[PDB]
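Raw contents of target-v7.cif, mmCIF, C-alpha atoms and all ligand atoms:
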```
data_my_file
loop_
_atom_site.label_atom_id
_atom_site.label_comp_id
_atom_site.auth_asym_id
_atom_site.auth_seq_id
_atom_site.Cartn_x
_atom_site.Cartn_y
_atom_site.Cartn_z
CA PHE A 2 0.00 0.00 0.00
CA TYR A 3 2.98 2.32 -0.57
CA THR A 4 3.21 5.01 -3.25
CA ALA A 5 6.32 4.82 -5.42
CA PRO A 6 8.87 7.67 -5.64
CA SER A 7 8.83 7.06 -9.43
CA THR A 8 5.39 8.68 -9.56
CA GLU A 9 7.15 12.06 -9.19
CA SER A 10 8.99 13.25 -12.28
CA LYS A 11 11.48 15.12 -10.08
CA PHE A 12 12.94 11.70 -9.23
CA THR A 13 12.86 10.09 -12.70
CA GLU A 14 16.41 11.00 -13.68
CA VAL A 15 18.10 10.05 -10.41
CA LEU A 16 16.20 6.75 -10.24
CA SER A 17 17.28 6.03 -13.83
CA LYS A 18 20.82 6.63 -12.53
CA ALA A 19 20.58 4.49 -9.39
CA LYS A 20 19.99 1.13 -7.81
CA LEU A 21 18.52 0.65 -4.32
CA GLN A 22 20.38 -1.42 -1.72
CA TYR A 23 18.53 -2.82 1.31
CA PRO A 24 19.21 -3.86 4.06
CA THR A 25 22.91 -4.56 3.34
CA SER A 26 24.93 -4.07 0.14
CA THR A 27 22.74 -6.36 -1.99
CA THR A 28 20.65 -4.62 -4.63
CA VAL A 29 16.89 -5.04 -4.17
CA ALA A 30 15.83 -2.79 -7.04
CA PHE A 31 17.65 -1.75 -10.19
CA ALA A 32 16.86 1.39 -12.18
CA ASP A 33 14.22 -0.35 -14.30
CA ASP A 34 12.54 -1.72 -11.14
CA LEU A 35 12.59 1.73 -9.50
CA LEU A 36 11.04 3.39 -12.57
CA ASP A 37 8.32 0.69 -12.67
CA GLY A 38 7.00 1.78 -9.29
CA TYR A 39 9.10 -0.05 -6.71
CA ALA A 40 7.90 0.83 -3.20
CA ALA A 41 8.28 -0.73 0.26
CA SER A 42 8.24 0.28 3.93
CA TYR A 43 11.94 1.14 3.54
CA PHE A 44 11.53 3.22 0.34
CA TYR A 45 8.31 5.10 -0.43
CA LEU A 46 6.80 8.48 -1.34
CA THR A 47 5.09 10.41 1.46
CA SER A 48 1.86 12.35 1.03
CA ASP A 49 3.81 15.65 0.86
CA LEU A 50 6.14 14.27 -1.86
CA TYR A 51 9.31 13.20 -0.04
CA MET A 52 11.24 10.07 -0.97
CA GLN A 53 11.62 8.44 2.45
CA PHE A 54 14.25 5.87 3.45
CA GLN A 55 13.86 3.83 6.64
CA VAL A 56 15.89 0.96 8.12
CA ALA A 57 16.62 -0.73 11.45
CA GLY A 58 19.72 -2.55 12.66
CA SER A 59 23.46 -1.93 13.02
CA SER A 60 25.17 -0.88 9.80
CA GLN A 61 22.02 -1.60 7.80
CA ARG A 62 20.91 0.68 5.01
CA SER A 63 18.21 1.74 2.60
CA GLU A 64 20.36 3.61 0.05
CA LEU A 65 20.50 4.59 -3.59
CA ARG A 66 23.85 3.90 -5.24
CA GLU A 67 24.84 5.96 -8.32
CA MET A 68 24.63 4.17 -11.69
CA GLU A 69 25.08 5.07 -15.34
CA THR A 70 22.10 4.87 -17.69
CA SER A 71 24.07 2.22 -19.62
CA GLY A 72 23.72 -0.10 -16.60
CA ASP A 73 27.39 0.27 -15.69
CA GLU A 74 28.09 1.11 -12.07
CA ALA A 75 29.29 4.64 -11.64
CA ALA A 76 33.06 4.49 -11.23
CA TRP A 77 34.44 7.94 -11.94
CA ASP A 78 38.01 9.00 -11.25
CA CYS A 79 37.80 10.19 -7.64
CA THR A 80 40.30 13.03 -8.28
CA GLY A 81 39.82 13.58 -12.02
CA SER A 82 39.23 16.77 -13.99
CA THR A 83 35.49 16.22 -14.53
CA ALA A 84 33.39 17.73 -11.75
CA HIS A 85 30.92 15.43 -10.02
CA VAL A 86 28.08 17.13 -8.16
CA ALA A 87 25.39 15.64 -5.92
CA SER A 88 22.56 17.91 -4.77
CA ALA A 89 19.82 16.97 -2.31
CA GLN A 90 17.08 18.69 -0.34
CA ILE A 91 16.88 16.63 2.86
CA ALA A 92 14.57 16.80 5.87
CA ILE A 93 16.15 14.92 8.77
CA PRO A 94 13.39 14.12 11.30
CA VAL A 95 14.06 13.78 14.99
CA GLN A 96 15.42 10.25 15.14
CA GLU A 97 13.88 7.44 17.17
CA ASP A 98 15.31 6.64 20.57
CA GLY A 99 18.38 4.45 20.17
CA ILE A 100 19.43 5.93 16.82
CA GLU A 101 22.81 7.63 17.25
CA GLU A 102 24.15 8.35 13.74
CA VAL A 103 22.58 8.19 10.26
CA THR A 104 24.59 8.64 7.07
CA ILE A 105 22.53 10.47 4.46
CA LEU A 106 24.98 11.14 1.57
CA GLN A 107 28.28 9.50 0.61
CA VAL A 108 31.13 9.61 -1.84
CA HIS A 109 32.37 6.01 -1.77
CA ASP A 110 35.27 4.33 -3.54
CA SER A 111 34.78 1.23 -5.66
CA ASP A 112 36.13 -1.03 -2.88
CA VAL A 113 35.58 -0.72 0.88
CA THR A 114 36.33 2.92 1.80
CA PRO A 115 33.93 5.90 2.11
CA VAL A 116 35.69 9.05 0.90
CA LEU A 117 32.98 11.22 2.48
CA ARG A 118 30.02 10.55 4.72
CA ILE A 119 27.53 13.29 5.59
CA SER A 120 25.70 12.11 8.69
CA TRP A 121 23.46 13.25 11.49
CA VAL A 122 25.00 12.49 14.91
CA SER A 123 23.50 12.64 18.39
CA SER A 124 26.94 13.84 19.55
CA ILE A 125 30.55 14.15 18.38
CA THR A 126 33.78 15.38 19.96
CA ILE A 127 36.36 16.97 17.63
CA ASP A 128 39.64 18.43 18.91
CA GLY A 129 38.21 18.56 22.42
CA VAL A 130 34.94 20.25 21.38
CA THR A 131 31.71 18.34 21.89
CA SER A 132 28.73 19.19 19.67
CA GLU A 133 25.28 17.66 20.06
CA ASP A 134 22.55 17.06 17.51
CA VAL A 135 24.51 18.14 14.43
CA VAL A 136 25.18 17.23 10.81
CA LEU A 137 28.79 16.17 10.22
CA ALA A 138 31.21 15.55 7.34
CA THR A 139 33.65 12.65 7.78
CA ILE A 140 36.52 12.31 5.28
CA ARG A 141 38.72 9.22 5.59
CA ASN A 142 42.43 10.01 5.72
CA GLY A 143 43.37 7.02 3.58
CA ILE A 144 42.42 3.54 2.48
CA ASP A 145 45.00 2.12 4.93
CA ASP A 146 44.19 4.59 7.75
CA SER A 147 40.96 4.08 9.68
CA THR A 148 41.03 7.65 11.02
CA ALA A 149 39.12 10.54 9.51
CA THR A 150 38.91 14.32 9.51
CA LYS A 151 35.52 15.42 10.86
CA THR A 152 33.83 18.80 10.32
CA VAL A 153 30.54 19.99 11.81
CA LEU A 154 28.41 21.35 8.96
CA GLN A 155 25.08 22.39 10.52
CA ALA A 156 23.06 22.33 13.70
CA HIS A 157 20.32 19.75 13.10
CA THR A 158 16.96 21.17 12.05
CA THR A 159 13.91 19.27 10.90
CA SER A 160 13.52 21.84 8.10
CA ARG A 161 14.27 20.89 4.50
CA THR A 162 17.97 21.68 3.95
CA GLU A 163 19.92 21.85 0.69
CA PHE A 164 23.17 19.85 0.62
CA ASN A 165 25.59 20.08 -2.34
CA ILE A 166 28.76 17.99 -2.75
CA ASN A 167 31.22 19.16 -5.43
CA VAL A 168 34.18 16.90 -6.28
CA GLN A 169 36.76 18.06 -8.81
CA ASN A 170 40.47 17.48 -9.16
CA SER A 171 41.73 16.36 -5.74
CA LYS A 172 39.32 18.65 -3.83
CA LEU A 173 35.87 18.21 -2.27
CA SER A 174 33.50 21.00 -1.16
CA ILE A 175 30.19 20.91 0.71
CA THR A 176 27.58 23.68 0.75
CA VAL A 177 24.63 23.72 3.13
CA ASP A 178 21.76 26.10 2.33
CA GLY A 179 24.07 27.99 -0.01
CA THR A 180 26.94 28.45 2.47
CA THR A 181 30.25 26.65 1.98
CA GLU A 182 30.82 24.60 5.13
CA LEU A 183 33.74 22.52 3.82
CA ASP A 184 35.91 24.42 1.32
CA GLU A 185 38.08 22.31 -1.01
CA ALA A 186 39.11 19.60 1.41
CA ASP A 187 41.97 17.52 0.05
CA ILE A 188 41.08 14.00 -1.16
CA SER A 189 44.34 13.18 -2.97
CA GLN A 190 44.54 10.04 -0.79
CA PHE A 191 41.99 8.68 -3.33
CA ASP A 192 44.17 9.31 -6.41
CA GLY A 193 43.93 6.13 -8.46
CA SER A 194 40.61 5.15 -6.87
CA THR A 195 37.24 5.31 -8.59
CA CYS A 196 34.16 6.71 -6.90
CA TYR A 197 30.37 7.01 -6.83
CA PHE A 198 27.67 8.83 -4.87
CA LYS A 199 25.15 7.31 -2.48
CA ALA A 200 22.10 8.77 -0.74
CA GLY A 201 19.57 7.47 1.75
CA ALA A 202 19.66 6.21 5.34
CA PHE A 203 22.65 4.17 6.57
CA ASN A 204 22.32 3.45 10.30
CA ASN A 205 25.62 3.69 12.17
CA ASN A 206 26.19 2.25 15.66
CA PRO A 207 22.65 2.37 17.08
CA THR A 208 22.16 1.61 20.75
CA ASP A 209 18.76 0.01 19.99
CA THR A 210 19.17 -2.40 17.09
CA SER A 211 15.39 -2.56 16.57
CA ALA A 212 14.86 1.22 16.21
CA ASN A 213 14.25 2.68 12.73
CA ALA A 214 16.47 5.36 11.22
CA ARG A 215 14.44 7.56 8.86
CA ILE A 216 15.53 10.18 6.26
CA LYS A 217 13.43 12.13 3.73
CA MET A 218 14.53 13.70 0.45
CA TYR A 219 12.48 16.27 -1.44
CA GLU A 220 14.93 16.51 -4.35
CA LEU A 221 17.96 14.42 -5.33
CA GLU A 222 20.29 14.48 -8.31
CA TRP A 223 23.79 13.55 -9.34
CA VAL A 224 25.45 14.95 -12.43
CA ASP A 225 28.77 15.37 -14.20
CA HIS A 226 30.08 18.63 -15.61
CA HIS A 227 32.82 18.21 -18.17
CA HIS A 228 35.87 20.47 -17.96
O1 LIG A 301 33.89 3.45 14.35
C1 LIG A 301 35.07 3.72 13.95
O2 LIG A 301 36.06 3.25 14.59
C2 LIG A 301 35.29 4.56 12.72
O3 LIG A 301 34.04 4.59 11.93
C3 LIG A 301 34.20 5.40 10.68
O4 LIG A 301 32.98 5.43 9.92
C4 LIG A 301 32.62 4.14 9.44
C5 LIG A 301 31.11 4.06 9.45
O5 LIG A 301 30.73 4.00 10.86
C6 LIG A 301 30.58 2.91 8.67
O6 LIG A 301 30.92 1.70 9.37
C7 LIG A 301 31.17 2.79 7.26
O7 LIG A 301 30.78 1.55 6.66
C8 LIG A 301 31.22 1.41 5.29
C9 LIG A 301 32.05 0.16 5.20
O8 LIG A 301 33.34 0.45 5.81
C10 LIG A 301 32.28 -0.27 3.80
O9 LIG A 301 32.95 0.79 3.11
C11 LIG A 301 30.98 -0.57 3.05
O10 LIG A 301 31.25 -0.62 1.64
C12 LIG A 301 30.06 -1.05 0.93
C13 LIG A 301 29.63 -0.04 -0.10
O11 LIG A 301 28.85 1.09 0.46
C14 LIG A 301 28.76 -0.60 -1.18
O12 LIG A 301 27.42 -0.81 -0.68
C15 LIG A 301 29.28 -1.91 -1.74
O13 LIG A 301 28.31 -2.42 -2.66
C16 LIG A 301 28.93 -3.30 -3.59
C17 LIG A 301 28.91 -4.71 -3.08
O14 LIG A 301 30.16 -5.36 -3.42
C18 LIG A 301 27.76 -5.47 -3.65
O15 LIG A 301 27.70 -6.79 -3.07
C19 LIG A 301 27.82 -5.57 -5.18
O16 LIG A 301 28.55 -6.65 -5.56
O17 LIG A 301 28.42 -4.31 -5.79
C20 LIG A 301 28.14 -3.17 -4.90
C21 LIG A 301 28.44 -1.84 -5.52
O18 LIG A 301 27.46 -1.14 -5.86
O19 LIG A 301 29.62 -1.41 -5.67
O20 LIG A 301 29.52 -2.91 -0.66
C22 LIG A 301 30.47 -2.41 0.34
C23 LIG A 301 30.60 -3.43 1.43
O21 LIG A 301 31.66 -4.11 1.54
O22 LIG A 301 29.64 -3.63 2.24
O23 LIG A 301 29.87 0.40 3.31
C24 LIG A 301 29.94 1.34 4.46
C25 LIG A 301 29.59 2.67 3.84
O24 LIG A 301 30.21 3.75 4.12
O25 LIG A 301 28.65 2.65 3.01
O26 LIG A 301 32.65 2.75 7.36
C26 LIG A 301 33.14 3.97 8.01
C27 LIG A 301 34.63 3.86 7.97
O27 LIG A 301 35.24 4.84 7.51
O28 LIG A 301 35.24 2.84 8.39
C28 LIG A 301 34.68 6.83 10.95
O29 LIG A 301 33.66 7.61 11.61
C29 LIG A 301 35.92 6.79 11.79
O30 LIG A 301 36.32 8.14 12.12
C30 LIG A 301 35.73 5.99 13.06
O31 LIG A 301 36.95 5.97 13.80
#
```

Please express the file's structure as structure tokens.
Amino acid sequence: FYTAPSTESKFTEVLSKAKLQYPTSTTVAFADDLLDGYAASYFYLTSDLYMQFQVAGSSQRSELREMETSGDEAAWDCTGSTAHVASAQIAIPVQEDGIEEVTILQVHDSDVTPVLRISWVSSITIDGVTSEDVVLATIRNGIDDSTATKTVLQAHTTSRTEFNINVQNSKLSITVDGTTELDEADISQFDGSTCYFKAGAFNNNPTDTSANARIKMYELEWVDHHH
């Protein structure tokens, strides 16, 4: 009894350029399935026209993964000359009790390393400064280094917020409601990797493994701009 995100033309292009993974990394719906009206409790259109992702459990996800229209997985040069841009209007609801971090947008390499995660966090401490109820950027320092550089981007609001990720040459920038909050962070540690975008809800380290993480997107797109 769920309405499909494909019923809204604002999502046609991104769905044509995506596959949906749930609840782990296995694809449940390819682009053709998504365009044919795929809908489930974990991926549906709300009455006010948001594409909503919902998932329970540690490190589980309901996430779109960037694809080419040819059916090839997106695998662009992480630090190449072509700009790659992901834009999303996201409303992050107050999360259920026991949900502690939800990743909403990623730049991921073609193996096992997230270049960037944008996530909501109940709390975070960075260089001795603790922030609560914020949206955070996490950039991994290397494939062989589990540590990351973390940057608070925004105090959490339930209001629809524009997020824009721009990746070009060895630099990555993030704008939030038009304001640059991460200005040309270095990602040269991914030279010689390939990359793709992801968007949705990816539930990180919950304290209640039965609680549902929930993220809503009013607009979503990923594009290339050729130098
Ligand atoms: O807690 C700490 O100590 C540190 O945590 C750091 O952040 C963590 C996060 O908390 C998450 O755990 C995050 O999880 C990553 C995970 O490390 C892997 O990168 C994994 O990669 C999957 C891909 O997203 C993708 O879904 C892929 O799909 C493939 C798959 O092969 C599929 O079967 C099919 O064949 O093809 C598809 C495809 O489309 O390419 O599968 C990958 C997989 O192996 O599961 O996904 C998550 C993720 O980010 O999505 O990891 C970070 C981390 O950096 O380790 C950080 O906060 C740090 O500061 C802390 O100290």

| Residue neighbourhood residue A:50, 7 Å, all atoms listed in the file, exclusion window fewer than 3 positions, as a count of residues only | 3

| Point-to-point distance in Å for atom CA of residue A:55 and atom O18 of ligand LIG 301 (chain A) |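 A separation of 19.1 Å between them.
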
Compile the contact shell of residue A:98 as a PDB file with C-alpha atoms, in the frame of the given file: residues with an atom at most 12 Å away, counting only C-alpha atoms, same-chain residues fewer than 3 positions apart removed.
```pdb
ATOM      1  CA  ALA A  57      16.620  -0.730  11.450  1.00  0.00           C
ATOM      2  CA  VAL A  95      14.060  13.780  14.990  1.00  0.00           C
ATOM      3  CA  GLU A 101      22.810   7.630  17.250  1.00  0.00           C
ATOM      4  CA  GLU A 102      24.150   8.350  13.740  1.00  0.00           C
ATOM      5  CA  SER A 123      23.500  12.640  18.390  1.00  0.00           C
ATOM      6  CA  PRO A 207      22.650   2.370  17.080  1.00  0.00           C
ATOM      7  CA  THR A 208      22.160   1.610  20.750  1.00  0.00           C
ATOM      8  CA  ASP A 209      18.760   0.010  19.990  1.00  0.00           C
ATOM      9  CA  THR A 210      19.170  -2.400  17.090  1.00  0.00           C
ATOM     10  CA  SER A 211      15.390  -2.560  16.570  1.00  0.00           C
ATOM     11  CA  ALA A 212      14.860   1.220  16.210  1.00  0.00           C
ATOM     12  CA  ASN A 213      14.250   2.680  12.730  1.00  0.00           C
ATOM     13  CA  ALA A 214      16.470   5.360  11.220  1.00  0.00           C
ATOM     14  CA  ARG A 215      14.440   7.560   8.860  1.00  0.00           C
TER      15      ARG A 215
END
```

| said: Taking only C-alpha atoms and all ligand atoms into account, list the residues no farther than 9 Å from ligand LIG 301 (chain A), as number ranges by chain. | reply: A: 20, 22, 25-28, 60, 62, 64, 66-68, 74-76, 102, 104, 107-118, 139-141, 144, 146-151, 197, 199, 203-206

Please identify every residue of stretch 21-131 of chain A that has at least one atom no farther than 8 Å from an atom of stretch 162-165 of chain A, counting only C-alpha atoms, and for each give the shortest atom pair and the distance in Å to one decimal, arranged by chain then increasing number, as CSV.
```
residue,atom,partner,partner_atom,distance
A:86,CA,A:165,CA,7.0
A:87,CA,A:165,CA,5.7
A:88,CA,A:165,CA,4.4
A:89,CA,A:164,CA,5.3
A:90,CA,A:163,CA,4.4
A:91,CA,A:162,CA,5.3
A:92,CA,A:162,CA,6.2
```

| task | May I have the protein, DNA and RNA residues with an atom at most 8 Å from (33.1, 22.0, -8.8), counting all atoms listed in the file in the file's coordinates, returned as a ChimeraX atom specification? | result | /A:84-86,167-169,174

| field | atom CA of residue A:99 to atom CA of residue A:56, distance in Å rounded to a single decimal | value | 12.8 Å

| query | Rounded to one decimal in Å, what is the spacing between atom CA of residue A:17 and atom CA of residue A:218? | reply | 16.4 Å

| Between A:49, A:145, A:73, A:185, which has the minimum distance to residue A:32 (counting only C-alpha atoms)? |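 When distances to residue A:32 are compared using only C-alpha atoms, the smallest one comes from A:73.
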
| field | Top pick for closest residue to residue A:198, considering A:153, A:132, A:221, A:97 and counting all atoms listed in the file | value |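 Ranking A:153, A:132, A:221, A:97 by distance to residue A:198, first place goes to A:221.
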